[PDB]
Amino acid sequence: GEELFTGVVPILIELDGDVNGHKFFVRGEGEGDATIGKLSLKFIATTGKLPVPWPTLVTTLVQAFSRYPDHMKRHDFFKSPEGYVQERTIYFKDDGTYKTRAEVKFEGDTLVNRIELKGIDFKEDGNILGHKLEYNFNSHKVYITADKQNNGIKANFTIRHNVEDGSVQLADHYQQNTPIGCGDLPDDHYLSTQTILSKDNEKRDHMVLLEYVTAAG
Amino acid sequence: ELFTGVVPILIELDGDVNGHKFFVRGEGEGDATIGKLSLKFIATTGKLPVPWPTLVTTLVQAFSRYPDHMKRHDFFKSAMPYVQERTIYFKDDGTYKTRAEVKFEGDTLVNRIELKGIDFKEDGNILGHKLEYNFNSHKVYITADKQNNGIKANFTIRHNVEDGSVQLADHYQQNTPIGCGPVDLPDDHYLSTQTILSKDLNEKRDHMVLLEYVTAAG
Numbered sequence: 135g136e137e138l139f140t141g142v143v144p145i146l147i148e149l150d151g152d153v154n155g156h157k158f159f160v161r162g163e164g165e166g167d168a169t170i171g172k173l174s175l176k177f178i179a180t181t182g183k184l185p186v187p188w189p190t191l192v193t194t195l196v197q198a199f200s201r202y203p204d205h206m207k208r209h210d211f212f213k214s215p216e217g218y219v220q221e222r223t224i225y226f227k228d229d230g231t232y233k234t235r236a237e238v239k240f241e242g243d244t245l246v247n248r249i250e251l252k253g254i255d256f257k258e259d260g261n262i263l264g265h266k267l268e269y270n271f272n273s274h275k276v277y278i279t280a281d282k283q284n285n286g287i288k289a290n291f292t293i294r295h296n297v298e299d300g301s302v303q304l305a306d307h308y309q310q311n312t313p314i315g316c317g318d319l320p321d322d323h324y325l326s327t328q329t330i331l332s333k334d335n336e337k338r339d340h341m342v343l344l345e346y347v348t349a350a351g
Numbered sequence: 333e334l335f336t337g338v339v340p341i342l343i344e345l346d347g348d349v350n351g352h353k354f355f356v357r358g359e360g361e362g363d364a365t366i367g368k369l370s371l372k373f374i375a376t377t378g379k380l381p382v383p384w385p386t387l388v389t390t391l392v393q394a395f396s397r398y399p400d401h402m403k404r405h406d407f408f409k410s411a412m413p414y415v416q417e418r419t420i421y422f423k424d425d426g427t428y429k430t431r432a433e434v435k436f437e438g439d440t441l442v443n444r445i446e447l448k449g450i451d452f453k454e455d456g457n458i459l460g461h462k463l464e465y466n467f468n469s470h471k472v473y474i475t476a477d478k479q480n481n482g483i484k485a486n487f488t489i490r491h492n493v494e495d496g497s498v499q500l501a502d503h504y505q506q507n508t509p510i511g512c513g514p515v516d517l518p519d520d521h522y523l524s525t526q527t528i529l530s531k532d533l534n535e536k537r538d539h540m541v542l543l544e545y546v547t548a549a550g
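As you go down the protein sequences, you meet chains E and S in turn.
Counted the way our numbering counts, the first sequence spans residues 135 to 351.
Counted the way our numbering counts, the second sequence spans residues 333 to 550.
Pasting the structure below:
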């Protein structure tokens, strides 16, 4: 479990999503080091120019790569081969919602997250469909609690998206994680995340991401 | 324990070899008590790009007959209602990689397979269809690995070639149980297999009929 995350690990991410009838597919590749808790990834939209801004998708697209301090090592559920299912419901205040299901598992020596995403009730001329969101990401605290009944995790947090007019767009995240494999459960704690979005060079619509994540509480 | 008596089988195959993809479906009956399988396979896409004998191994070891003495080592039935993944090396030719889930849906037994084929050179026995439409008899060696709570198997298959050459396929197999139940591990033992491939006068479509006999020993 924990033992697979020592050293650099290759990541593959595939996202299959439809928002308001607009289907699109995204793929990402890169490396992550759990010891430093760093993620470096490149994302490409195979299907064309995205109907939705890149910052909206970020959370959906590797928590396991969060760095748990040695005292906190007992509470790292994510690391805890078979992998897990990550399901999220995302509410954009004054706008539509995301419902997503994902499986994070190990295929060969590569770590893979494949995702299915559905988008509903999103307004035209809204921040999201408008692409009025700034190409950046802020820093957040992800609150984690244990859910014994589903022998799994639950998480709650709200994301802040900067808007070009200087407004702030809030996305409410409701998250639960359950394990594919048989046979770990953590006291309440949180993840502290910082993210940077950059560009390549590439013609295709794309995203480049750097993520530092560490646990506390 | 589900086996006693005849059990229905359904098999569906989604496979691609060297960019040539195809889908195969099969139906029939098997009873573990006799260790007998009766099945008919149909090629829904159209004509096969690969010989039928190549597919046979990848096409439910649960139906093997374990003697009263051997019942303690039958992993397949215990896991009912497992995952079977295999790597197949054809000598002086390409390779097969497959993933499978063998499970019970209703009272019917189902095997669903995913197969990808690579590196098979053109003008070769497999692409060429130089394989005789027949199957020989083989021994499948099974070992347990507690680390994945499962069994592993190794054997090599012999495929007849029309000129009298023999084509060898090396099988590396791993089985793991979907259910949390055990599914308890077996001591080293083997399965003895005999197979007959037949055809149906009446079927328009490309098809295979096989009358599989399998029993275990130590």
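All residues carry an ideal CB built from backbone N, CA and C; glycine is no exception.
Asked	Found
Rounded straight-line distance, which links the Cα of residue 205 of chain E to that of residue 415 of chain E	For residue 415 of chain E there is no data in the structure shown, the boundaries of chain E being 135 and 351.
At least 3 beta-carbon pairs within less than 8 Å: the segment 331–343 of chain E vs the segment 219–228 of chain E	no
Distance, residue 449 of chain S Cα to residue 385 of chain S Cα	15 Å
Beta-carbon proximity of residue 523 of chain S to residue 371 of chain S, cut-off 8 Å	no
Ranges of the alpha helix (DSSP H) found wholly within the segment 420–485 of chain S, counting only runs of at least 4	457–460
Continuous alpha helix (DSSP H) assignments of at least 4 residues falling wholly in the segment 333–401 of chain S	384–387
Cβ-based burial, residue 301 of chain E [other Cβ within 10 Å; buried from 16]	exposed
Local conformation of residue 487 of chain S per DSSP, three classes	strand
Per-residue DSSP class, three states only, for residue 537 of chain S	coil
Closest Cα partner of residue 277 of chain S within the set S:392, S:352, S:505	It is not possible to answer for residue 277 of chain S, since the shown part of chain S is limited to 333 through 550.
Residues near residue 550 of chain S in its chain [Cβ-Cβ closer than 6 Å; skip 5 each side]	521
Helix, strand or coil at residue 410 of chain S according to DSSP, with G and I counted as helix	helix
Those residues which DSSP pairs with residue 209 of chain E across a bridge	Answer is none; residue 209 of chain E lacks a bridge partner.
Option nearest residue 334 of chain S by Cα separation, candidates S:499, S:364, S:345	S:364
7 Å Cβ shell around residue 484 of chain S - same chain, five flanking residues per side excluded	475, 477, 505, 506
Identity of the residues DSSP links to residue 347 of chain E by a beta bridge	E:327
Limits of the beta strand (DSSP E) - the one that residue 500 of chain S falls within	498–508
Same chain only: Cβ atoms within 7 Å of residue 537 of chain S, ignoring 5 sequence neighbours per side	374, 375
Burial state of residue 155 of chain E, where buried means 16 or more other Cβ atoms lie within 10 Å	exposed
Outcome for residue 494 of chain S when other beta-carbon atoms lying within 10 angstroms are tallied against a minimum of 16	exposed
For residue 218 of chain E, three-class secondary structure by DSSP	strand
As assigned by DSSP and simplified to three states, the class of residue 493 of chain S	strand
Beta-carbon contacts of residue 212 of chain E that lie in its chain and below 6 Å, excluding the five residues immediately before and after	197, 198
Euclidean distance between Cα positions of residue 339 of chain S and residue 362 of chain S	5 Å
Length of the line joining the Cα atoms of residue 490 of chain S and residue 516 of chain S	31 Å
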